[PDB]
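Source file: model-v9.cif; contents: mmCIF, N, CA and C atoms.
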```cif
data_input
loop_
_atom_site.group_PDB
_atom_site.id
_atom_site.type_symbol
_atom_site.label_atom_id
_atom_site.label_comp_id
_atom_site.auth_asym_id
_atom_site.auth_seq_id
_atom_site.Cartn_x
_atom_site.Cartn_y
_atom_site.Cartn_z
ATOM 1 N N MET A 147 15.217 139.020 7.750
ATOM 2 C CA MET A 147 16.610 139.117 7.323
ATOM 3 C C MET A 147 17.475 138.186 8.163
ATOM 4 N N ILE A 148 17.744 136.996 7.636
ATOM 5 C CA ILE A 148 18.490 135.981 8.372
ATOM 6 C C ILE A 148 19.950 135.946 7.918
ATOM 7 N N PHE A 149 20.866 135.930 8.884
ATOM 8 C CA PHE A 149 22.300 135.880 8.606
ATOM 9 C C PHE A 149 22.980 134.825 9.475
ATOM 10 N N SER A 150 24.121 134.324 9.008
ATOM 11 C CA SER A 150 24.915 133.362 9.764
ATOM 12 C C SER A 150 26.387 133.759 9.755
ATOM 13 N N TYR A 151 27.199 133.015 10.497
ATOM 14 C CA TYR A 151 28.624 133.302 10.598
ATOM 15 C C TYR A 151 29.397 132.750 9.401
ATOM 16 N N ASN A 152 28.921 131.638 8.847
ATOM 17 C CA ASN A 152 29.623 130.957 7.764
ATOM 18 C C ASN A 152 29.129 131.369 6.379
ATOM 19 N N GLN A 153 28.960 132.674 6.184
ATOM 20 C CA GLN A 153 28.612 133.231 4.880
ATOM 21 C C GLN A 153 27.337 132.627 4.289
ATOM 22 N N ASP A 154 26.359 132.334 5.143
ATOM 23 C CA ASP A 154 25.060 131.841 4.691
ATOM 24 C C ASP A 154 23.953 132.757 5.206
ATOM 25 N N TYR A 155 23.038 133.142 4.320
ATOM 26 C CA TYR A 155 21.995 134.106 4.663
ATOM 27 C C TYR A 155 20.695 133.853 3.905
ATOM 28 N N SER A 156 19.619 134.474 4.382
ATOM 29 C CA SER A 156 18.314 134.367 3.740
ATOM 30 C C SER A 156 17.518 135.657 3.915
ATOM 31 N N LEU A 157 17.321 136.373 2.812
ATOM 32 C CA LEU A 157 16.557 137.615 2.819
ATOM 33 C C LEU A 157 15.158 137.389 2.257
ATOM 34 N N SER A 158 14.152 137.892 2.966
ATOM 35 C CA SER A 158 12.774 137.794 2.503
ATOM 36 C C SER A 158 12.592 138.619 1.236
ATOM 37 N N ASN A 159 13.185 139.809 1.223
ATOM 38 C CA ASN A 159 13.144 140.685 0.060
ATOM 39 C C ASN A 159 14.548 140.883 -0.500
ATOM 40 N N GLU A 160 14.660 140.875 -1.824
ATOM 41 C CA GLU A 160 15.956 140.983 -2.483
ATOM 42 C C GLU A 160 16.454 142.425 -2.529
ATOM 43 N N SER A 161 15.562 143.344 -2.885
ATOM 44 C CA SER A 161 15.930 144.745 -3.074
ATOM 45 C C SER A 161 16.046 145.510 -1.758
ATOM 46 N N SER A 162 15.671 144.869 -0.656
ATOM 47 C CA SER A 162 15.709 145.518 0.652
ATOM 48 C C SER A 162 17.137 145.840 1.083
ATOM 49 N N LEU A 163 18.030 144.865 0.924
ATOM 50 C CA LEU A 163 19.433 145.028 1.290
ATOM 51 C C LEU A 163 20.331 144.756 0.090
ATOM 52 N N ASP A 164 20.970 145.806 -0.418
ATOM 53 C CA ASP A 164 21.831 145.680 -1.587
ATOM 54 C C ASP A 164 23.151 145.011 -1.215
ATOM 55 N N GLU A 165 23.819 144.459 -2.226
ATOM 56 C CA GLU A 165 25.083 143.734 -2.071
ATOM 57 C C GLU A 165 26.017 144.323 -1.017
ATOM 58 N N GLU A 166 25.703 147.144 -0.051
ATOM 59 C CA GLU A 166 27.050 147.098 0.506
ATOM 60 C C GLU A 166 27.054 146.419 1.870
ATOM 61 N N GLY A 167 26.020 146.701 2.657
ATOM 62 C CA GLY A 167 25.916 146.194 4.013
ATOM 63 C C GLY A 167 26.055 144.691 4.121
ATOM 64 N N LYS A 168 25.518 143.971 3.140
ATOM 65 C CA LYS A 168 25.575 142.513 3.129
ATOM 66 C C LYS A 168 27.009 142.015 3.295
ATOM 67 N N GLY A 169 27.958 142.781 2.766
ATOM 68 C CA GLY A 169 29.366 142.457 2.902
ATOM 69 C C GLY A 169 29.878 142.734 4.302
ATOM 70 N N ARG A 170 29.571 143.924 4.814
ATOM 71 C CA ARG A 170 30.039 144.335 6.132
ATOM 72 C C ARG A 170 29.485 143.442 7.238
ATOM 73 N N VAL A 171 28.226 143.034 7.102
ATOM 74 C CA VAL A 171 27.590 142.183 8.106
ATOM 75 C C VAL A 171 28.275 140.819 8.173
ATOM 76 N N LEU A 172 28.402 140.167 7.022
ATOM 77 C CA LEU A 172 29.055 138.864 6.954
ATOM 78 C C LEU A 172 30.523 138.971 7.356
ATOM 79 N N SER A 173 31.163 140.068 6.959
ATOM 80 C CA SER A 173 32.546 140.331 7.342
ATOM 81 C C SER A 173 32.675 140.439 8.858
ATOM 82 N N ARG A 174 31.783 141.216 9.465
ATOM 83 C CA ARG A 174 31.784 141.413 10.910
ATOM 84 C C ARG A 174 31.502 140.100 11.636
ATOM 85 N N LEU A 175 30.511 139.358 11.150
ATOM 86 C CA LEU A 175 30.145 138.079 11.753
ATOM 87 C C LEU A 175 31.293 137.078 11.679
ATOM 88 N N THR A 176 31.887 136.950 10.495
ATOM 89 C CA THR A 176 32.998 136.030 10.295
ATOM 90 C C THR A 176 34.217 136.462 11.104
ATOM 91 N N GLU A 177 34.459 137.768 11.149
ATOM 92 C CA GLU A 177 35.577 138.313 11.911
ATOM 93 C C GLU A 177 35.387 138.032 13.401
ATOM 94 N N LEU A 178 34.177 138.274 13.900
ATOM 95 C CA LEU A 178 33.852 137.999 15.296
ATOM 96 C C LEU A 178 34.006 136.517 15.616
ATOM 97 N N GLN A 179 33.378 135.677 14.798
ATOM 98 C CA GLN A 179 33.452 134.230 14.967
ATOM 99 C C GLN A 179 34.904 133.769 14.937
ATOM 100 N N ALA A 180 35.688 134.383 14.057
ATOM 101 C CA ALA A 180 37.116 134.111 13.994
ATOM 102 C C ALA A 180 37.783 134.490 15.311
ATOM 103 N N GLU A 181 37.528 135.707 15.783
ATOM 104 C CA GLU A 181 38.103 136.174 17.041
ATOM 105 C C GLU A 181 37.692 135.305 18.229
ATOM 106 N N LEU A 182 36.463 134.791 18.207
ATOM 107 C CA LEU A 182 36.000 133.891 19.262
ATOM 108 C C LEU A 182 36.704 132.543 19.182
ATOM 109 N N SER A 183 36.709 131.955 17.990
ATOM 110 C CA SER A 183 37.359 130.667 17.778
ATOM 111 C C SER A 183 38.865 130.767 18.008
ATOM 112 N N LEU A 184 39.416 131.958 17.789
ATOM 113 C CA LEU A 184 40.837 132.200 18.020
ATOM 114 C C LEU A 184 41.194 132.105 19.501
ATOM 115 N N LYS A 185 40.315 132.616 20.359
ATOM 116 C CA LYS A 185 40.589 132.700 21.792
ATOM 117 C C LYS A 185 39.754 131.705 22.599
ATOM 118 N N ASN A 186 39.267 130.667 21.924
ATOM 119 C CA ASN A 186 38.538 129.575 22.570
ATOM 120 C C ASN A 186 37.305 130.029 23.343
ATOM 121 N N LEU A 187 36.540 130.941 22.750
ATOM 122 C CA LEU A 187 35.312 131.440 23.360
ATOM 123 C C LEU A 187 34.077 130.928 22.620
ATOM 124 N N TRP A 188 34.294 130.072 21.627
ATOM 125 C CA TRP A 188 33.203 129.541 20.819
ATOM 126 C C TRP A 188 32.512 128.373 21.517
ATOM 127 N N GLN A 189 33.308 127.532 22.170
ATOM 128 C CA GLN A 189 32.797 126.352 22.859
ATOM 129 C C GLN A 189 31.787 126.710 23.946
ATOM 130 N N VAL A 190 31.993 127.854 24.592
ATOM 131 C CA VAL A 190 31.077 128.321 25.627
ATOM 132 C C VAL A 190 29.763 128.791 25.005
ATOM 133 N N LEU A 191 29.845 129.335 23.795
ATOM 134 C CA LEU A 191 28.665 129.804 23.079
ATOM 135 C C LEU A 191 27.872 128.630 22.513
ATOM 136 N N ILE A 192 28.585 127.642 21.980
ATOM 137 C CA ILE A 192 27.954 126.443 21.433
ATOM 138 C C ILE A 192 27.373 125.577 22.547
ATOM 139 N N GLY A 193 28.044 125.570 23.696
ATOM 140 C CA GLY A 193 27.587 124.807 24.843
ATOM 141 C C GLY A 193 26.262 125.314 25.378
ATOM 142 N N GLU A 194 25.524 124.437 26.051
ATOM 143 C CA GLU A 194 24.217 124.788 26.592
ATOM 144 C C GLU A 194 24.352 125.775 27.749
ATOM 145 N N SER B 1 37.576 134.413 30.024
ATOM 146 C CA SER B 1 36.219 134.994 30.227
ATOM 147 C C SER B 1 35.825 135.881 29.054
ATOM 148 N N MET B 2 34.603 135.699 28.565
ATOM 149 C CA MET B 2 34.096 136.499 27.456
ATOM 150 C C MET B 2 33.684 137.890 27.932
ATOM 151 N N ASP B 3 33.534 138.041 29.245
ATOM 152 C CA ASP B 3 33.195 139.327 29.847
ATOM 153 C C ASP B 3 34.217 140.393 29.463
ATOM 154 N N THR B 4 35.472 139.975 29.338
ATOM 155 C CA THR B 4 36.550 140.860 28.915
ATOM 156 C C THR B 4 36.487 141.065 27.404
ATOM 157 N N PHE B 5 36.277 139.963 26.688
ATOM 158 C CA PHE B 5 36.223 139.970 25.233
ATOM 159 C C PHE B 5 35.187 140.954 24.707
ATOM 160 N N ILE B 6 33.968 140.858 25.227
ATOM 161 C CA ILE B 6 32.885 141.749 24.823
ATOM 162 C C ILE B 6 33.248 143.207 25.089
ATOM 163 N N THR B 7 33.930 143.449 26.203
ATOM 164 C CA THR B 7 34.391 144.793 26.530
ATOM 165 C C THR B 7 35.393 145.267 25.489
ATOM 166 N N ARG B 8 36.320 144.392 25.115
ATOM 167 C CA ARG B 8 37.284 144.723 24.071
ATOM 168 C C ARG B 8 36.651 144.931 22.688
ATOM 169 N N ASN B 9 35.736 144.048 22.295
ATOM 170 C CA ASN B 9 35.181 144.057 20.939
ATOM 171 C C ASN B 9 34.045 145.056 20.721
ATOM 172 N N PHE B 10 33.029 144.994 21.575
ATOM 173 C CA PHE B 10 31.816 145.787 21.390
ATOM 174 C C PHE B 10 31.898 147.157 22.057
ATOM 175 N N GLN B 11 31.010 148.057 21.640
ATOM 176 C CA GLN B 11 30.953 149.409 22.185
ATOM 177 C C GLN B 11 30.216 149.437 23.519
ATOM 178 N N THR B 12 30.164 150.616 24.132
ATOM 179 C CA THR B 12 29.479 150.790 25.409
ATOM 180 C C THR B 12 27.965 150.723 25.238
ATOM 181 N N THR B 13 27.446 151.525 24.312
ATOM 182 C CA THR B 13 26.009 151.612 24.061
ATOM 183 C C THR B 13 25.371 150.236 23.887
ATOM 184 N N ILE B 14 26.049 149.373 23.139
ATOM 185 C CA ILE B 14 25.557 148.026 22.881
ATOM 186 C C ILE B 14 25.441 147.230 24.180
ATOM 187 N N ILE B 15 26.476 147.307 25.012
ATOM 188 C CA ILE B 15 26.489 146.610 26.294
ATOM 189 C C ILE B 15 25.430 147.180 27.238
ATOM 190 N N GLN B 16 25.278 148.500 27.226
ATOM 191 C CA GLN B 16 24.275 149.168 28.047
ATOM 192 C C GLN B 16 22.873 148.708 27.667
ATOM 193 N N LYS B 17 22.548 148.814 26.382
ATOM 194 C CA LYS B 17 21.224 148.437 25.892
ATOM 195 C C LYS B 17 20.988 146.934 26.008
ATOM 196 N N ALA B 18 22.045 146.150 25.818
ATOM 197 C CA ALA B 18 21.952 144.702 25.970
ATOM 198 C C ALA B 18 21.661 144.335 27.420
ATOM 199 N N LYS B 19 22.397 144.950 28.341
ATOM 200 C CA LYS B 19 22.188 144.715 29.762
ATOM 201 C C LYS B 19 20.819 145.228 30.194
ATOM 202 N N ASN B 20 20.390 146.339 29.602
ATOM 203 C CA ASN B 20 19.050 146.858 29.841
ATOM 204 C C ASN B 20 17.989 145.881 29.340
ATOM 205 N N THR B 21 18.242 145.283 28.179
ATOM 206 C CA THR B 21 17.343 144.275 27.632
ATOM 207 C C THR B 21 17.290 143.053 28.542
ATOM 208 N N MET B 22 18.459 142.590 28.977
ATOM 209 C CA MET B 22 18.536 141.444 29.876
ATOM 210 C C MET B 22 17.942 141.776 31.241
ATOM 211 N N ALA B 23 18.031 143.042 31.632
ATOM 212 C CA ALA B 23 17.406 143.504 32.866
ATOM 213 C C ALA B 23 15.888 143.476 32.731
ATOM 214 N N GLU B 24 15.392 143.984 31.607
ATOM 215 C CA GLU B 24 13.956 144.002 31.333
ATOM 216 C C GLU B 24 13.381 142.591 31.213
ATOM 217 N N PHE B 25 14.209 141.651 30.764
ATOM 218 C CA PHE B 25 13.811 140.249 30.664
ATOM 219 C C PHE B 25 14.138 139.495 31.953
ATOM 220 N N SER B 26 14.581 140.234 32.967
ATOM 221 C CA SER B 26 14.886 139.668 34.281
ATOM 222 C C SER B 26 15.919 138.545 34.203
ATOM 223 N N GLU B 27 17.123 138.882 33.751
ATOM 224 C CA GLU B 27 18.216 137.917 33.674
ATOM 225 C C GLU B 27 19.556 138.595 33.936
ATOM 226 N N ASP B 28 20.440 137.890 34.636
ATOM 227 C CA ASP B 28 21.749 138.426 34.990
ATOM 228 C C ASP B 28 22.691 138.396 33.783
ATOM 229 N N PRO B 29 23.241 139.563 33.391
ATOM 230 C CA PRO B 29 24.186 139.573 32.263
ATOM 231 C C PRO B 29 25.486 138.814 32.536
ATOM 232 N N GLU B 30 26.043 138.974 33.732
ATOM 233 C CA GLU B 30 27.341 138.388 34.058
ATOM 234 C C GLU B 30 27.278 136.866 34.193
ATOM 235 N N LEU B 31 26.139 136.351 34.644
ATOM 236 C CA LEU B 31 25.977 134.912 34.843
ATOM 237 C C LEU B 31 25.642 134.186 33.539
ATOM 238 N N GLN B 32 25.290 134.948 32.505
ATOM 239 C CA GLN B 32 24.966 134.383 31.195
ATOM 240 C C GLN B 32 25.602 135.193 30.066
ATOM 241 N N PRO B 33 26.907 134.987 29.828
ATOM 242 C CA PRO B 33 27.636 135.708 28.775
ATOM 243 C C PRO B 33 27.129 135.431 27.359
ATOM 244 N N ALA B 34 26.832 134.170 27.060
ATOM 245 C CA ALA B 34 26.395 133.770 25.724
ATOM 246 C C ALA B 34 25.211 134.604 25.245
ATOM 247 N N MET B 35 24.229 134.772 26.121
ATOM 248 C CA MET B 35 23.032 135.534 25.793
ATOM 249 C C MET B 35 23.381 137.004 25.581
ATOM 250 N N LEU B 36 24.275 137.522 26.420
ATOM 251 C CA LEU B 36 24.733 138.900 26.292
ATOM 252 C C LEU B 36 25.399 139.105 24.936
ATOM 253 N N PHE B 37 26.256 138.165 24.549
ATOM 254 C CA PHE B 37 26.925 138.243 23.258
ATOM 255 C C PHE B 37 25.924 138.143 22.112
ATOM 256 N N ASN B 38 25.009 137.182 22.204
ATOM 257 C CA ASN B 38 23.978 137.013 21.183
ATOM 258 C C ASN B 38 23.152 138.281 20.997
ATOM 259 N N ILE B 39 22.743 138.882 22.110
ATOM 260 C CA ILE B 39 21.978 140.122 22.072
ATOM 261 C C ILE B 39 22.841 141.272 21.551
ATOM 262 N N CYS B 40 24.110 141.291 21.950
ATOM 263 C CA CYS B 40 25.038 142.323 21.495
ATOM 264 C C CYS B 40 25.213 142.285 19.978
ATOM 265 N N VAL B 41 25.459 141.095 19.441
ATOM 266 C CA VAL B 41 25.589 140.921 17.999
ATOM 267 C C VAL B 41 24.264 141.221 17.302
ATOM 268 N N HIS B 42 23.191 140.614 17.806
ATOM 269 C CA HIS B 42 21.856 140.819 17.256
ATOM 270 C C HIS B 42 21.486 142.297 17.232
ATOM 271 N N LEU B 43 21.941 143.033 18.242
ATOM 272 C CA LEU B 43 21.685 144.466 18.318
ATOM 273 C C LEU B 43 22.643 145.252 17.423
ATOM 274 N N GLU B 44 23.893 144.802 17.345
ATOM 275 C CA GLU B 44 24.898 145.488 16.539
ATOM 276 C C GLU B 44 24.571 145.421 15.050
ATOM 277 N N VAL B 45 24.240 144.222 14.578
ATOM 278 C CA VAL B 45 23.948 143.996 13.163
ATOM 279 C C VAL B 45 22.918 144.986 12.624
ATOM 280 N N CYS B 46 21.906 145.284 13.433
ATOM 281 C CA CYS B 46 20.892 146.264 13.059
ATOM 282 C C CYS B 46 21.534 147.618 12.771
ATOM 283 N N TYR B 47 22.408 148.060 13.671
ATOM 284 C CA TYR B 47 23.103 149.332 13.500
ATOM 285 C C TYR B 47 24.064 149.268 12.317
ATOM 286 N N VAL B 48 24.680 148.107 12.117
ATOM 287 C CA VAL B 48 25.558 147.905 10.971
ATOM 288 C C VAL B 48 24.757 148.064 9.681
ATOM 289 N N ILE B 49 23.530 147.550 9.682
ATOM 290 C CA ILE B 49 22.640 147.705 8.536
ATOM 291 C C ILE B 49 22.149 149.145 8.393
#
```

Could you rewrite the structure in this file as structure tokens?
Amino acid sequence: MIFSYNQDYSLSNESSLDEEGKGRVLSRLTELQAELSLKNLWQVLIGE
Amino acid sequence: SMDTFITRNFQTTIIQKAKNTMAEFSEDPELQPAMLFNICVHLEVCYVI
């Protein structure tokens, strides 16, 4: 079950995860990434 | 500092288990925030699911 911050994902099985969690996960990821990029904490994560 | 951010955003249990994971992998949580955050998110998503 692969997920990303920019609304991109890859599920091995389709019926394993239905459309509700898929929303909350991407929402949480995007919200977090937003909160990080908002307070300049992304560069430290992207950095080595 | 993300050390504050993670405290604000994530729960206690996540930080505890994440730090326990980083402890078991023999790594300092405070000296490596990125890994702590990655583990925190990676651990949170499971619970979210």

- request: With the file shown as input, list the residues that the PyMOL selection byres ((chain B and resi 18) around 8) selects, as a PyMOL selection string.
  value: chain B and resi 12-17+19-24+29+35-37+39-40+43

For the residues in that selection, give me N, CA and C atoms as a JSON list (two decimals), keeping the file's coordinate frame.
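The new file selection.json reads:
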```json
[["chain", "number", "residue", "atom", "x", "y", "z"],
["B", 12, "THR", "N", 30.16, 150.62, 24.13],
["B", 12, "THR", "CA", 29.48, 150.79, 25.41],
["B", 12, "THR", "C", 27.96, 150.72, 25.24],
["B", 13, "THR", "N", 27.45, 151.52, 24.31],
["B", 13, "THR", "CA", 26.01, 151.61, 24.06],
["B", 13, "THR", "C", 25.37, 150.24, 23.89],
["B", 14, "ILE", "N", 26.05, 149.37, 23.14],
["B", 14, "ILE", "CA", 25.56, 148.03, 22.88],
["B", 14, "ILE", "C", 25.44, 147.23, 24.18],
["B", 15, "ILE", "N", 26.48, 147.31, 25.01],
["B", 15, "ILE", "CA", 26.49, 146.61, 26.29],
["B", 15, "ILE", "C", 25.43, 147.18, 27.24],
["B", 16, "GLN", "N", 25.28, 148.50, 27.23],
["B", 16, "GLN", "CA", 24.28, 149.17, 28.05],
["B", 16, "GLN", "C", 22.87, 148.71, 27.67],
["B", 17, "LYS", "N", 22.55, 148.81, 26.38],
["B", 17, "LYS", "CA", 21.22, 148.44, 25.89],
["B", 17, "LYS", "C", 20.99, 146.93, 26.01],
["B", 19, "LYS", "N", 22.40, 144.95, 28.34],
["B", 19, "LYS", "CA", 22.19, 144.72, 29.76],
["B", 19, "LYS", "C", 20.82, 145.23, 30.19],
["B", 20, "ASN", "N", 20.39, 146.34, 29.60],
["B", 20, "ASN", "CA", 19.05, 146.86, 29.84],
["B", 20, "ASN", "C", 17.99, 145.88, 29.34],
["B", 21, "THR", "N", 18.24, 145.28, 28.18],
["B", 21, "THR", "CA", 17.34, 144.28, 27.63],
["B", 21, "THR", "C", 17.29, 143.05, 28.54],
["B", 22, "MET", "N", 18.46, 142.59, 28.98],
["B", 22, "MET", "CA", 18.54, 141.44, 29.88],
["B", 22, "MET", "C", 17.94, 141.78, 31.24],
["B", 23, "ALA", "N", 18.03, 143.04, 31.63],
["B", 23, "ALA", "CA", 17.41, 143.50, 32.87],
["B", 23, "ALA", "C", 15.89, 143.48, 32.73],
["B", 24, "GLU", "N", 15.39, 143.98, 31.61],
["B", 24, "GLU", "CA", 13.96, 144.00, 31.33],
["B", 24, "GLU", "C", 13.38, 142.59, 31.21],
["B", 29, "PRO", "N", 23.24, 139.56, 33.39],
["B", 29, "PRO", "CA", 24.19, 139.57, 32.26],
["B", 29, "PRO", "C", 25.49, 138.81, 32.54],
["B", 35, "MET", "N", 24.23, 134.77, 26.12],
["B", 35, "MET", "CA", 23.03, 135.53, 25.79],
["B", 35, "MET", "C", 23.38, 137.00, 25.58],
["B", 36, "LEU", "N", 24.28, 137.52, 26.42],
["B", 36, "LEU", "CA", 24.73, 138.90, 26.29],
["B", 36, "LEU", "C", 25.40, 139.10, 24.94],
["B", 37, "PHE", "N", 26.26, 138.16, 24.55],
["B", 37, "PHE", "CA", 26.92, 138.24, 23.26],
["B", 37, "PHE", "C", 25.92, 138.14, 22.11],
["B", 39, "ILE", "N", 22.74, 138.88, 22.11],
["B", 39, "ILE", "CA", 21.98, 140.12, 22.07],
["B", 39, "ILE", "C", 22.84, 141.27, 21.55],
["B", 40, "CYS", "N", 24.11, 141.29, 21.95],
["B", 40, "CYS", "CA", 25.04, 142.32, 21.50],
["B", 40, "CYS", "C", 25.21, 142.28, 19.98],
["B", 43, "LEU", "N", 21.94, 143.03, 18.24],
["B", 43, "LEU", "CA", 21.68, 144.47, 18.32],
["B", 43, "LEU", "C", 22.64, 145.25, 17.42]]
```

- request: Show me which bits of chain A are within 8 Å of chain B, counting only C-alpha atoms, as a ChimeraX atom specification.
  value: /A:167,170-171,187,190-191

Give me the residues near residue A:148 as a PDB file with N, CA and C atoms, in the frame of the given file, where near means some atom within 7 Å (using all atoms listed in the file) and where sequence neighbours in that chain fewer than 3 positions away do not count.
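Full text of around.pdb as output:
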```pdb
ATOM      1  N   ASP A 154      26.359 132.334   5.143  1.00  0.00           N
ATOM      2  CA  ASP A 154      25.060 131.841   4.691  1.00  0.00           C
ATOM      3  C   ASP A 154      23.953 132.757   5.206  1.00  0.00           C
ATOM      4  N   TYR A 155      23.038 133.142   4.320  1.00  0.00           N
ATOM      5  CA  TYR A 155      21.995 134.106   4.663  1.00  0.00           C
ATOM      6  C   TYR A 155      20.695 133.853   3.905  1.00  0.00           C
ATOM      7  N   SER A 156      19.619 134.474   4.382  1.00  0.00           N
ATOM      8  CA  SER A 156      18.314 134.367   3.740  1.00  0.00           C
ATOM      9  C   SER A 156      17.518 135.657   3.915  1.00  0.00           C
ATOM     10  N   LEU A 157      17.321 136.373   2.812  1.00  0.00           N
ATOM     11  CA  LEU A 157      16.557 137.615   2.819  1.00  0.00           C
ATOM     12  C   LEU A 157      15.158 137.389   2.257  1.00  0.00           C
ATOM     13  N   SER A 158      14.152 137.892   2.966  1.00  0.00           N
ATOM     14  CA  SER A 158      12.774 137.794   2.503  1.00  0.00           C
ATOM     15  C   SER A 158      12.592 138.619   1.236  1.00  0.00           C
TER      16      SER A 158
END
```

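In this comparison, which uses only C-alpha atoms, the residue of A:172, A:186, A:193, A:180 approaching residue A:149 most closely is A:172.
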
I need the alpha helix (DSSP H) residues of chain B per DSSP on the backbone, written as a CSV table (one decimal) with N, CA and C atoms, keeping the file's coordinate frame.
```
chain,number,residue,atom,x,y,z
B,2,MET,N,34.6,135.7,28.6
B,2,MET,CA,34.1,136.5,27.5
B,2,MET,C,33.7,137.9,27.9
B,3,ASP,N,33.5,138.0,29.2
B,3,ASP,CA,33.2,139.3,29.8
B,3,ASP,C,34.2,140.4,29.5
B,4,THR,N,35.5,140.0,29.3
B,4,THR,CA,36.6,140.9,28.9
B,4,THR,C,36.5,141.1,27.4
B,5,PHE,N,36.3,140.0,26.7
B,5,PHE,CA,36.2,140.0,25.2
B,5,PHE,C,35.2,141.0,24.7
B,6,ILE,N,34.0,140.9,25.2
B,6,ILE,CA,32.9,141.7,24.8
B,6,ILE,C,33.2,143.2,25.1
B,7,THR,N,33.9,143.4,26.2
B,7,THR,CA,34.4,144.8,26.5
B,7,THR,C,35.4,145.3,25.5
B,8,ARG,N,36.3,144.4,25.1
B,8,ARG,CA,37.3,144.7,24.1
B,8,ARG,C,36.7,144.9,22.7
B,9,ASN,N,35.7,144.0,22.3
B,9,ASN,CA,35.2,144.1,20.9
B,9,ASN,C,34.0,145.1,20.7
B,12,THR,N,30.2,150.6,24.1
B,12,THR,CA,29.5,150.8,25.4
B,12,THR,C,28.0,150.7,25.2
B,13,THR,N,27.4,151.5,24.3
B,13,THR,CA,26.0,151.6,24.1
B,13,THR,C,25.4,150.2,23.9
B,14,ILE,N,26.0,149.4,23.1
B,14,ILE,CA,25.6,148.0,22.9
B,14,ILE,C,25.4,147.2,24.2
B,15,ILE,N,26.5,147.3,25.0
B,15,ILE,CA,26.5,146.6,26.3
B,15,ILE,C,25.4,147.2,27.2
B,16,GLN,N,25.3,148.5,27.2
B,16,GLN,CA,24.3,149.2,28.0
B,16,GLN,C,22.9,148.7,27.7
B,17,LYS,N,22.5,148.8,26.4
B,17,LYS,CA,21.2,148.4,25.9
B,17,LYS,C,21.0,146.9,26.0
B,18,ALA,N,22.0,146.2,25.8
B,18,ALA,CA,22.0,144.7,26.0
B,18,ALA,C,21.7,144.3,27.4
B,19,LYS,N,22.4,145.0,28.3
B,19,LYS,CA,22.2,144.7,29.8
B,19,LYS,C,20.8,145.2,30.2
B,20,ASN,N,20.4,146.3,29.6
B,20,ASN,CA,19.0,146.9,29.8
B,20,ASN,C,18.0,145.9,29.3
B,21,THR,N,18.2,145.3,28.2
B,21,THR,CA,17.3,144.3,27.6
B,21,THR,C,17.3,143.1,28.5
B,22,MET,N,18.5,142.6,29.0
B,22,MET,CA,18.5,141.4,29.9
B,22,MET,C,17.9,141.8,31.2
B,23,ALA,N,18.0,143.0,31.6
B,23,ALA,CA,17.4,143.5,32.9
B,23,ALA,C,15.9,143.5,32.7
B,24,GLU,N,15.4,144.0,31.6
B,24,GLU,CA,14.0,144.0,31.3
B,24,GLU,C,13.4,142.6,31.2
B,33,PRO,N,26.9,135.0,29.8
B,33,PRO,CA,27.6,135.7,28.8
B,33,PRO,C,27.1,135.4,27.4
B,34,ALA,N,26.8,134.2,27.1
B,34,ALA,CA,26.4,133.8,25.7
B,34,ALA,C,25.2,134.6,25.2
B,35,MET,N,24.2,134.8,26.1
B,35,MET,CA,23.0,135.5,25.8
B,35,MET,C,23.4,137.0,25.6
B,36,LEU,N,24.3,137.5,26.4
B,36,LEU,CA,24.7,138.9,26.3
B,36,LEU,C,25.4,139.1,24.9
B,37,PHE,N,26.3,138.2,24.5
B,37,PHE,CA,26.9,138.2,23.3
B,37,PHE,C,25.9,138.1,22.1
B,38,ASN,N,25.0,137.2,22.2
B,38,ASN,CA,24.0,137.0,21.2
B,38,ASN,C,23.2,138.3,21.0
B,39,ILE,N,22.7,138.9,22.1
B,39,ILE,CA,22.0,140.1,22.1
B,39,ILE,C,22.8,141.3,21.6
B,40,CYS,N,24.1,141.3,22.0
B,40,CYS,CA,25.0,142.3,21.5
B,40,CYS,C,25.2,142.3,20.0
B,41,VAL,N,25.5,141.1,19.4
B,41,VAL,CA,25.6,140.9,18.0
B,41,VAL,C,24.3,141.2,17.3
B,42,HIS,N,23.2,140.6,17.8
B,42,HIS,CA,21.9,140.8,17.3
B,42,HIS,C,21.5,142.3,17.2
B,43,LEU,N,21.9,143.0,18.2
B,43,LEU,CA,21.7,144.5,18.3
B,43,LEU,C,22.6,145.3,17.4
B,44,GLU,N,23.9,144.8,17.3
B,44,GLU,CA,24.9,145.5,16.5
B,44,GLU,C,24.6,145.4,15.0
B,45,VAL,N,24.2,144.2,14.6
B,45,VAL,CA,23.9,144.0,13.2
B,45,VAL,C,22.9,145.0,12.6
B,46,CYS,N,21.9,145.3,13.4
B,46,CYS,CA,20.9,146.3,13.1
B,46,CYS,C,21.5,147.6,12.8
B,47,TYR,N,22.4,148.1,13.7
B,47,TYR,CA,23.1,149.3,13.5
B,47,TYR,C,24.1,149.3,12.3
B,48,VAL,N,24.7,148.1,12.1
B,48,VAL,CA,25.6,147.9,11.0
B,48,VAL,C,24.8,148.1,9.7
```

Hey, could you pull the box centre and edge lengths for stretch 161-166 of chain A, axis-aligned, 4 Å padding per side, all listed atoms, to one decimal in Å, as lines of an AutoDock Vina configuration file?
```
center_x = 21.3
center_y = 145.2
center_z = -0.6
size_x = 19.5
size_y = 11.8
size_z = 12.9
```

Point-to-point distance in Å for atom N of residue A:169 and atom C of residue A:184: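 Atom-to-atom, atom C of residue A:184 to atom N of residue A:169, that is 23.9 Å.
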